[PDB]
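To keep things clear, I will list the structure first and then write my remarks on it.
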Amino acid sequence: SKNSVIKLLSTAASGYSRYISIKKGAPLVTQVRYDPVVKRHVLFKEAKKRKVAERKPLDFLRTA
Amino acid sequence: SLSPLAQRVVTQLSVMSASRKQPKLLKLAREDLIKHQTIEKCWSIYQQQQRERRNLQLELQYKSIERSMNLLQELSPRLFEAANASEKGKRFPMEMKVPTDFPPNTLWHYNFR
Amino acid sequence: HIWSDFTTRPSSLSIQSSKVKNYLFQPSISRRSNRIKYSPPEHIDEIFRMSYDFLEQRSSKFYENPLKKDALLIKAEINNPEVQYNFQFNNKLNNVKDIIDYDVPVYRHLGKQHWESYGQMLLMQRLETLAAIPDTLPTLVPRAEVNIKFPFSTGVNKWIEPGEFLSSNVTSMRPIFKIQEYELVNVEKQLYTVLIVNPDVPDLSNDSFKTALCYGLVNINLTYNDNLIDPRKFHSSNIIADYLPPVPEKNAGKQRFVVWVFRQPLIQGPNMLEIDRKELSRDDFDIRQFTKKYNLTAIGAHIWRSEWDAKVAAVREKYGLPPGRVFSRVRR
Amino acid sequence: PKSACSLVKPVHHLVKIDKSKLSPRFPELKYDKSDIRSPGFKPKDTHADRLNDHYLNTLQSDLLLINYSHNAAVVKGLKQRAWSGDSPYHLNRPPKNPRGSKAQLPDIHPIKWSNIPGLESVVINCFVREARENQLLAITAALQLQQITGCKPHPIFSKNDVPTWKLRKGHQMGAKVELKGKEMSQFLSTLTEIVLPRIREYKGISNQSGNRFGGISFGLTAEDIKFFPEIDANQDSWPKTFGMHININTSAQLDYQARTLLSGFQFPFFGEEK
Amino acid sequence: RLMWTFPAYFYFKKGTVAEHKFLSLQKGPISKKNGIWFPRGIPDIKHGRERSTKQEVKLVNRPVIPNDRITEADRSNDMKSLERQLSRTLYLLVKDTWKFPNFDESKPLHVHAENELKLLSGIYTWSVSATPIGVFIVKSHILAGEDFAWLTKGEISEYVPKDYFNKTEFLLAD
Amino acid sequence: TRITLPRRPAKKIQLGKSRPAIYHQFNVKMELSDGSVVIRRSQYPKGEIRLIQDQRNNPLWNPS
Amino acid sequence: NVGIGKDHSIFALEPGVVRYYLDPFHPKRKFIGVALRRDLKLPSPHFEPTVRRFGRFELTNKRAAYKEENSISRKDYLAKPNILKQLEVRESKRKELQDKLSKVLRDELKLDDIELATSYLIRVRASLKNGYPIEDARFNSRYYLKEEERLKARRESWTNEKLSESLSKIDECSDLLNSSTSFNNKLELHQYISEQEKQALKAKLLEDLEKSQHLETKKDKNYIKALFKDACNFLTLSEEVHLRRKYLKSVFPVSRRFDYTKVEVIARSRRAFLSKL
RNA sequence: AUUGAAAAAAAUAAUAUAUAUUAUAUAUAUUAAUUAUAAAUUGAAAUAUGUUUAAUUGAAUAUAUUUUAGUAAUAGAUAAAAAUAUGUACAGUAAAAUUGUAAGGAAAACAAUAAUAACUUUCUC
RNA sequence: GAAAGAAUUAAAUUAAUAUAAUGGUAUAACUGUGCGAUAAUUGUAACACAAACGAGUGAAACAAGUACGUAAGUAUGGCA
RNA sequence: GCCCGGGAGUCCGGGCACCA
Ligand SMILES: [Mg+2]
Ligand SMILES: [Mg+2]
Ligand SMILES: [Mg+2]
C-alpha cells in the first residue's frame, strides 16, 4: 500500500533494467549503478512516469 | 509578506549575524607575518615573566606567613590560636572600590561614619 | 645588540638578501600593482622594534659540556626574526649552506621540529600500516630523516614519498639517500650503514617468505650539510652487497622494499668495521641477527614497494638474472 | 558493511601521529586558532582588563592571606568505596558508590600561593518561557544578550517534553552565553558599577546560593535588564525585555571562599547568613 | 581591521532626525564605476563599507571631561598625602633608621594592633585577617584620612636600610 | 499558533573558513555619580554617557 | 588470521589450527584465532615478525606459466595501446633531439662514439630540465652510462681490460663535451662558457642596460631587443625574465584612473606604446 | 607594465605556462578568492557634469551614471534539543543523582560535581 | 616552583542503538562532523554452520566497474 | 495499477483490469 515497485532503465541504451521499491510520495529516483552490458557505471532512470509528492523548491536567493 | 514586528525581529537577528557585515580576512606579506609572530612571542614571554614574578611573590608571602605561624605557636599559644581562627564569613570592605580609569571629583574621603 | 654582531656567530644567522633585511628593520611581493594594493597593519614598526630589542636582550643574557652548550645556543637564537625567516621561507631538503647551515644548532633544531610536525609522522604511519617494522626490524626511534631518490634510471628528479609504488623502470638502477641527521652527534668519528631489505620474497620450502638484502653500504661518513650518498662519496670498499633491483615475480604480492639506516658503535679517528663481504648471505638475510652481531642502532628508515609489470623481464635480462617464476593467481 | 566490530590493532612505535597533519584536506585548519594565518584568528589582549589587574595586584595576596589556615592538609572528600575482601564474590565486583551520594566528590586542597580563588567564567542563561508560543521572542532575547555582553550567544532549545506547561522538545527558547577572560571581567564591572546598584530594592546576593564547589548564581528580573547601558540608551528599541540567570564559576574549592572572592569585586552578600 | 560593519540600520531609523545627523557626520566609501582604474584594488563594498580596509565611525547634556591622573605630580612635595600616586599601592611608614608602625597580651594580636593605631589619629582601617606575616606583622587597609609618611614600593627602598628592605620586600606590592 | 520565522536554507561554513564574531564596538566614556570616568567597549554608538544612579551614590556600596 | 561476518560469526582466513586466547593488549576481551602451525602459541610475541602463509604455487607447466604472463588487468589492457603510442612518440622526440644535438656538434666542429656522445648530451639536457645543478646532472648522466656498460660487461663475460678502456673512452668524451659545450637558459646547445666568463658577460649586459634605459625611438627599441637576443647563453632563466620585465615595460612612466587627492584623466606622451609595442 | 611609497632570486601550497618519464614529476612566473549568487520608484553611498557662495579649495544644490540596502541564525570538524536510518574519513563521550539560580516548583533552562604519580615544552629561584 | 600540552588511571553502562526481548557495544556498533550519495553495483562463489528434502546462515578468493580515504584500507545495505 | 463522478493538489464514492 505504501511501497510501490518501479523499473529503472539504464541511460546507456543497453536495455538492462533494474528494479527497486519506493514510497508513493518518493522523489523522482535516479541512481548510478553498474551496467553489465556496457560494463561500466551509468545512470539508471525511472521508465514509467509517476506523480510525485511535490516539495517546495527551497530558496537560496533570499526572496522578498 | 511579513508583519512589521516580524521585520523588526529579522533586523534584530541580522544585527547578530555575520551576513554581509564581516570584511575580507587580512592577508600579510611574509616578512610582515614573521614580524607579527615575533611580536606575539615577545608578548607571550613578557606575560610569562609577569606571572612568574607575581607567583614568586605569592609564594614568598606564603612562606613568610608560615614562618610567622611557627614562631607564634612556639611563643604565645593563645595568640597563635586567635590568629588561626578561621575566616569563614570574612567579606571585603565595600568602600574599598575597584580601580577606575580616571579618578573622582573628591580624590579621597576624610570624614566618615 | 648581539644579533647585529657577526664575529663568532656564523654568517647564516642573518638574512642574506639585503632588501628584505632593510624592510624588516624599518617587501617581497614582486608585482608593483599588488604592492600598491597591499596595506600592512598599523603601528607594526615601533612595536616590532621593541619586541626585537626585548628578544635581543634575552639572547644576550642567554649567551655565555657540549650538548648543554648547544642547547643553550639554540635557546638564545630561535627567537631571532632573521633566522626564522631563513628557515621558514627557504628549502630544507636541498639545503644551501649560507641560507640554512645545519652546522648551526638552531637551524638543525628547527629542521627536527619541522620533521616531527609531518614527514616523520608520515614515515611512521607508512612503516606501521605496511608492516615494515615488526616484520623486518622490531622498532625504531626516528632520530634522522632519510629521503631516497632514483636519479640514474629514467633521468627525472623526485624525492620518493614513503610507501609508494615505483615502476620497475624507475627502480632499475640504484638509489640515492639523504640522511638528514639532527641531535648534536659527532661528525668526524661517526660512521653509518644503509641496508635496503625486502622481506617478502616467496619461500617455497617453508611456504612462507624470506628476506633479501638488495643493497648494502657500510662505514659511510656523513656531514650535517653534506649528506647525499652518491657514488662520488662511498667508493667500492663500502658496498657489502651491491645493488640488485626489485624484480617481483608475477602474482607474488606487492614486495615492500624498506631502506634502513644505522649508525656505527663509537669507541680516536673514524672507527671502521670489516663485515666478511663474501660470507654474508644476501639471498636470505637476517636483519635483527646482523644488528646484534655488529651492535648497530637503526636511526632512520624509508620504504617503497614494487609489483610485477611487463618491464621487469627486461630489467632481469639487463641484470643477467633468471627469467623469473610465475605464480598462480589464486591464494590457494 | 560486514564487520560491526571495533578493535584497534596495536602499534610498534612511540611516535604519536596527529593524522590530521598527514591529510591535506583542511589546510586552514592546520594552523592554531591564534596564529594570524588562520581565518579563525581574532586578537585577544585588545586592551587591559582593569578588574583582572585589581585582582592581581590587590586582591590575590589578600585572598592568600585570609584563607591560610596553619597546617591544614587535604580533607579528601567522599569517593567510591572498595569492597572488603571477606568473601569471594567481592573479587571482580565494581566498587560501592560514595557513602553520602550517588556521585563522587572532589578533594579540597588548602589555599596556598599556587591555587588562590579566582574568576574562571561567567555563564548567562535567559530561558524565555513565553517562547513556547512565540519563537521570535527567543531571537529577541538572544539579541538582548548579545547587546549586554558583546559576544555571540548560543540558542537554548527545549530539551524536555511536558504537557502541564506547553513545552515540546526541539523548540528554540532563549539564549546562553559563555563569558571568559577580559570580556567576562568587563561584564562583571558593568553589573557591579551600574546595574546591581540601580535596581530598586536589591539587598544583595543570597548567601545560600553556593554551588558548594565554589560556584555562585543569581537572577535578574525583566525590569532590571533595562538598567544596562546598551538597552538604557534606546528604550524605544526594546519593548519586551527578558529576565536571566547568571552563573559564576570560580577556581575556589568551596562556596564560602568563592563568595569572599566575589565580595572583593564589589558583590553585596547581605542577602543572608551562611 | 577585522571588525564587522557597524549596522546603522538597526540602531538608527531610515527616516529619523538622529539618524540623519549621524549620517551627516559619516563619509561614505568610494564606490566602483565601469570605465575607471582603481589601482588600490577594486572597491569591494557591501552594506556601506569597503571590505578591503578598516572602517571607522564618527560621533544635563554635557561633554564628559576626565579628571587629571596627576595631582601628586602637581603637589611635588606631599609625601604625607593620600591623594598622591593614585594608580599605585601606598604604604604607611614612621620615623624614629625608620620603619613600619611598631606597637608593643590578653587581646588578639591583629585587633590589638588595630586598636593601637586607631588612637594616634582618630582614620578608619580594615584588617584583612587575624593571620600575621613575617617577623609579628599585621596587614590592614585604610579608608579615611616620628612622621606620618606614605610611599610606593620603589620609593621605600631609598628611605630604609637594605637588610630591612630584604626582610620585607615581598610584602610591598606594586 | 506557534509563531515562527520559517528558516531559509542556511549557508555552509566550510571547515577552516569559520571567522569568529568580532562585533563593531566603540570605546565609550562612562561618568559615574561623582567625577570618576571609566572606559568600556560597547556596541551602542555613543562617545560619552553620564550616570545618575550608580554604585558610588547608593548607600549599600558605601557606609560613609 | 580470523575474520568476522555480519552476525559476528568468526571464521578462518587461512588454513591452520584454532586457538582461544587472552591478548594483553586487549584486557577483558576473549580472542579466537588461527595459529598458522600447531607448535607455536597464538597471542604471538608482539615484536617478533608476523608468520605469513604466502601459500601460492608456482606454474611449472610451461604453457600455464605463459598464459599467466599473458593475462593482465582489464584497465591495463584498455590503456596499454595508448601508453605504447605515447612511448613511441616520446622515442621519436628523443631521436629528433639527438639529431639536433648532432647537427649542433657538427656546426661547432668537435671530435667524436658520436651516437654515445649524443645520448650523453640528451641525458644531460633531461637532467637540466629536471631540478639538478648542471655539473651534478652531467655526473649523473655519465654514471648512468657507466652503469649500463658495467651491466653489459656482466652479461657478456667481457675482458675487464676492455671494459676499463670503454669507461676511459666515455670519460674522455664527457670531458670533451664538458669543456667544449654547455646548455642554456632555454635548453638548447651552444659553445661552452666558464663561470667567471659568464659573470663578466652578465656584468657587461647590466652595464649596457644602465647605459640605454631611455628608449626614445623604435630604432632604440630594436637595438635593445637585439641585445637581449644573446642573453640566454650566459644567464639563468629567472634572471632573464626579471631583466625583460624591468626593461621591456610594455608602457613607460588616453585613459582615466583614480588618485588619493580626489578621478584623474591622462592623455600620455603617445610615444610610450608606439615604439614599446 | 603605466599610478603609490622612498640588477634579481633561493620554502610549503595554490593558480598560469611549458616540458620530462611505460614515474600525477620538474622548470619559470604570480601569490587571486575565503560567504558571494537574479528581481527593489520613497533608503543610503560614490563618481562625472552644471549653478551659487566663503585660478583653486571647502560648502550648498541640480542632472546623469553607477554602487550598495532583498537586511535571515551554525562562524564550530559543531559532539546527547530537534532534522538524514545506507558508504567512508576524522573526532568525542553518555545517563542518573546531588548543590545551586528571575518567574521556577515534584516536574521547563543553565552551571557545577574522581585522581595528578610519571613525561614533554615553556617561564622562573 | 608555576603555565600549557600530551595524557594515563579510575569510573565506564544502562544513557544511546529505526523497532520487542536477549546478547553485544567507549577499542564504541553510541553521538558529532567533512566528503559522498557511492557497496541498498555486476559475473563466478570454494568452504563451513545449519539441515530429511524444499529452504536458511556466515563467507575466503577470482574477475568488472564505483565511493571515501595522505595512506593502510574500508564498503556486496542497516550491531546481531 | 487504469478509467469516471463528486491547470494543479488534497479528501470522498463508482467502476475497469489482477484474482496464479
Ligand atoms: Mg542491551
Ligand atoms: Mg552503522
Ligand atoms: Mg541442504
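The chains in the C-alpha cells are called A, B, ... from first to last as shown; in each chain the residues are counted from 1, and the ligands are counted from 1 in the order shown.
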Neighbourhood of ligand 2 at 8 Å, counting only C-alpha atoms (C1' of nucleotides) and all ligand atoms, reported as a ChimeraX atom specification | /D:1,4 /I:29,78-79
All residues within 12 Å of ligand 3 are required, counting only C-alpha atoms (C1' of nucleotides) and all ligand atoms; please report them as a PyMOL selection string.
-> chain I and resi 49-57
Output N, CA and C atoms (P, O5', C5', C4', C3', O3' and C1' of nucleotides) of each residue in that selection to a file, as a PDB file, in the first residue's frame.
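Wrote it out as selection.pdb, contents follow:
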```pdb
ATOM      1  P     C I  49      30.513 -27.925   9.496  1.00  0.00           P
ATOM      2  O5'   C I  49      29.393 -27.059  10.227  1.00  0.00           O
ATOM      3  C5'   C I  49      29.772 -26.163  11.288  1.00  0.00           C
ATOM      4  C4'   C I  49      28.747 -25.073  11.473  1.00  0.00           C
ATOM      5  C3'   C I  49      27.312 -25.528  11.674  1.00  0.00           C
ATOM      6  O3'   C I  49      27.090 -25.894  13.031  1.00  0.00           O
ATOM      7  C1'   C I  49      27.381 -23.728  10.138  1.00  0.00           C
ATOM      8  P     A I  50      26.184 -27.155  13.396  1.00  0.00           P
ATOM      9  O5'   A I  50      24.804 -26.821  12.669  1.00  0.00           O
ATOM     10  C5'   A I  50      23.917 -25.818  13.197  1.00  0.00           C
ATOM     11  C4'   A I  50      22.802 -25.509  12.222  1.00  0.00           C
ATOM     12  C3'   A I  50      21.941 -26.687  11.779  1.00  0.00           C
ATOM     13  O3'   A I  50      20.927 -26.985  12.727  1.00  0.00           O
ATOM     14  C1'   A I  50      22.609 -25.470   9.881  1.00  0.00           C
ATOM     15  P     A I  51      20.422 -28.489  12.912  1.00  0.00           P
ATOM     16  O5'   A I  51      19.858 -28.857  11.472  1.00  0.00           O
ATOM     17  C5'   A I  51      18.680 -28.212  10.968  1.00  0.00           C
ATOM     18  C4'   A I  51      18.473 -28.581   9.522  1.00  0.00           C
ATOM     19  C3'   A I  51      18.334 -30.072   9.237  1.00  0.00           C
ATOM     20  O3'   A I  51      17.006 -30.515   9.485  1.00  0.00           O
ATOM     21  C1'   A I  51      19.901 -29.143   7.743  1.00  0.00           C
ATOM     22  P     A I  52      16.706 -32.074   9.665  1.00  0.00           P
ATOM     23  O5'   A I  52      16.848 -32.622   8.180  1.00  0.00           O
ATOM     24  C5'   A I  52      17.776 -33.665   7.855  1.00  0.00           C
ATOM     25  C4'   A I  52      17.205 -34.486   6.737  1.00  0.00           C
ATOM     26  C3'   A I  52      17.003 -33.755   5.414  1.00  0.00           C
ATOM     27  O3'   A I  52      18.221 -33.713   4.675  1.00  0.00           O
ATOM     28  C1'   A I  52      15.063 -35.000   5.950  1.00  0.00           C
ATOM     29  P     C I  53      18.666 -32.375   3.913  1.00  0.00           P
ATOM     30  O5'   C I  53      17.628 -32.287   2.710  1.00  0.00           O
ATOM     31  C5'   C I  53      17.571 -33.306   1.698  1.00  0.00           C
ATOM     32  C4'   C I  53      16.343 -33.127   0.835  1.00  0.00           C
ATOM     33  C3'   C I  53      16.111 -31.731   0.278  1.00  0.00           C
ATOM     34  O3'   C I  53      16.842 -31.498  -0.919  1.00  0.00           O
ATOM     35  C1'   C I  53      14.104 -32.546   1.220  1.00  0.00           C
ATOM     36  P     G I  54      17.121 -29.999  -1.412  1.00  0.00           P
ATOM     37  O5'   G I  54      15.703 -29.290  -1.264  1.00  0.00           O
ATOM     38  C5'   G I  54      14.765 -29.274  -2.357  1.00  0.00           C
ATOM     39  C4'   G I  54      13.618 -28.335  -2.064  1.00  0.00           C
ATOM     40  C3'   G I  54      13.983 -26.881  -1.810  1.00  0.00           C
ATOM     41  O3'   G I  54      14.214 -26.176  -3.025  1.00  0.00           O
ATOM     42  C1'   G I  54      12.441 -27.598  -0.178  1.00  0.00           C
ATOM     43  P     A I  55      15.519 -25.267  -3.197  1.00  0.00           P
ATOM     44  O5'   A I  55      15.144 -23.948  -2.386  1.00  0.00           O
ATOM     45  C5'   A I  55      15.961 -23.480  -1.301  1.00  0.00           C
ATOM     46  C4'   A I  55      15.085 -23.056  -0.151  1.00  0.00           C
ATOM     47  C3'   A I  55      15.737 -22.137   0.876  1.00  0.00           C
ATOM     48  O3'   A I  55      15.767 -20.784   0.433  1.00  0.00           O
ATOM     49  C1'   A I  55      14.733 -23.927   2.006  1.00  0.00           C
ATOM     50  P     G I  56      17.159 -19.989   0.386  1.00  0.00           P
ATOM     51  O5'   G I  56      17.488 -19.748   1.924  1.00  0.00           O
ATOM     52  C5'   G I  56      16.527 -19.098   2.775  1.00  0.00           C
ATOM     53  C4'   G I  56      16.927 -19.237   4.222  1.00  0.00           C
ATOM     54  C3'   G I  56      18.263 -18.624   4.605  1.00  0.00           C
ATOM     55  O3'   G I  56      18.150 -17.219   4.789  1.00  0.00           O
ATOM     56  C1'   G I  56      18.128 -20.793   5.503  1.00  0.00           C
ATOM     57  P     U I  57      19.321 -16.255   4.293  1.00  0.00           P
ATOM     58  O5'   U I  57      20.496 -16.587   5.313  1.00  0.00           O
ATOM     59  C5'   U I  57      20.309 -16.372   6.719  1.00  0.00           C
ATOM     60  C4'   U I  57      21.518 -16.831   7.496  1.00  0.00           C
ATOM     61  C3'   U I  57      22.873 -16.364   6.994  1.00  0.00           C
ATOM     62  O3'   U I  57      23.127 -14.992   7.286  1.00  0.00           O
ATOM     63  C1'   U I  57      23.001 -18.644   7.544  1.00  0.00           C
TER      64        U I  57
END
```
Site check for ligand 1: residues at most 10 Å away, only C-alpha atoms (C1' of nucleotides) and all ligand atoms, as a list in words = residues 13, 14, 17, 21, 22, 23, 24 and 25 of chain I
Determine, for each residue of chain G having at least one atom at most 12 Å from an atom of chain E, the closest pair of atoms and their separation in Å to one decimal, counting only C-alpha atoms; order by chain and ascending number, as a tab-separated table.
```
residue	atom	partner	partner_atom	distance
G:255	CA	E:36	CA	8.4
G:256	CA	E:36	CA	5.8
G:257	CA	E:37	CA	4.3
G:258	CA	E:38	CA	5.6
G:259	CA	E:38	CA	8.2
G:260	CA	E:40	CA	9.9
G:262	CA	E:30	CA	10.0
G:263	CA	E:36	CA	8.0
G:264	CA	E:36	CA	9.2
G:265	CA	E:36	CA	9.3
G:266	CA	E:37	CA	11.2
```
How close does each residue of chain B get to chain F, giving the shortest atom pair and distance in Å to one decimal for every residue with an atom at most 6 Å away, counting only C-alpha atoms, sorted by chain and residue number, as CSV?
```
residue,atom,partner,partner_atom,distance
B:94,CA,F:61,CA,5.7
B:95,CA,F:62,CA,5.1
B:100,CA,F:38,CA,5.7
B:101,CA,F:38,CA,4.6
B:102,CA,F:37,CA,5.0
B:103,CA,F:36,CA,4.7
B:104,CA,F:36,CA,3.7
B:105,CA,F:35,CA,4.4
B:112,CA,F:64,CA,4.6
B:113,CA,F:64,CA,4.9
```
Go ahead and save the residues from that selection, with N, CA, C and O atoms, as an mmCIF file, in the first residue's frame.
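And here is the file that came out, part17.cif:
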```
data_model
loop_
_atom_site.group_PDB
_atom_site.id
_atom_site.type_symbol
_atom_site.label_atom_id
_atom_site.label_comp_id
_atom_site.auth_asym_id
_atom_site.auth_seq_id
_atom_site.Cartn_x
_atom_site.Cartn_y
_atom_site.Cartn_z
ATOM 1 N N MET B 94 33.932 46.965 50.901
ATOM 2 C CA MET B 94 32.885 47.533 50.032
ATOM 3 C C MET B 94 33.181 48.997 49.689
ATOM 4 O O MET B 94 33.022 49.410 48.540
ATOM 5 N N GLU B 95 33.606 49.774 50.685
ATOM 6 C CA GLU B 95 34.144 51.116 50.445
ATOM 7 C C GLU B 95 35.472 51.040 49.686
ATOM 8 O O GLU B 95 35.858 51.985 48.997
ATOM 9 N N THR B 100 39.361 52.690 38.962
ATOM 10 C CA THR B 100 38.634 53.202 37.803
ATOM 11 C C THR B 100 39.635 53.526 36.684
ATOM 12 O O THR B 100 40.822 53.224 36.808
ATOM 13 N N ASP B 101 39.157 54.118 35.591
ATOM 14 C CA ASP B 101 40.041 54.598 34.526
ATOM 15 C C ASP B 101 40.595 55.979 34.881
ATOM 16 O O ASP B 101 41.799 56.219 34.768
ATOM 17 N N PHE B 102 39.704 56.875 35.308
ATOM 18 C CA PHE B 102 40.080 58.209 35.784
ATOM 19 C C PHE B 102 39.476 58.467 37.168
ATOM 20 O O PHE B 102 38.413 57.932 37.489
ATOM 21 N N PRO B 103 40.142 59.304 37.988
ATOM 22 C CA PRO B 103 39.736 59.457 39.384
ATOM 23 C C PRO B 103 38.506 60.346 39.569
ATOM 24 O O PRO B 103 38.088 61.015 38.622
ATOM 25 N N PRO B 104 37.936 60.368 40.790
ATOM 26 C CA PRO B 104 36.681 61.078 41.047
ATOM 27 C C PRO B 104 36.830 62.589 41.284
ATOM 28 O O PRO B 104 37.915 63.144 41.103
ATOM 29 N N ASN B 105 35.730 63.237 41.668
ATOM 30 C CA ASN B 105 35.724 64.664 41.986
ATOM 31 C C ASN B 105 36.428 64.912 43.312
ATOM 32 O O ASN B 105 37.345 65.731 43.390
ATOM 33 N N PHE B 112 33.936 60.279 57.986
ATOM 34 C CA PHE B 112 33.227 59.012 57.776
ATOM 35 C C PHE B 112 32.190 58.737 58.874
ATOM 36 O O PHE B 112 32.020 59.543 59.791
ATOM 37 N N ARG B 113 31.501 57.600 58.761
ATOM 38 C CA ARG B 113 30.516 57.153 59.754
ATOM 39 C C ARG B 113 29.241 57.990 59.689
ATOM 40 O O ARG B 113 28.361 57.736 58.863
#
```
Give me the residues within 7 Å of region 58-64 of chain A as a PyMOL selection string, counting only C-alpha atoms (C1' of nucleotides) and dropping any in the same chain fewer than 4 places off.
-> (chain F and resi 8-9) or (chain H and resi 37+70)
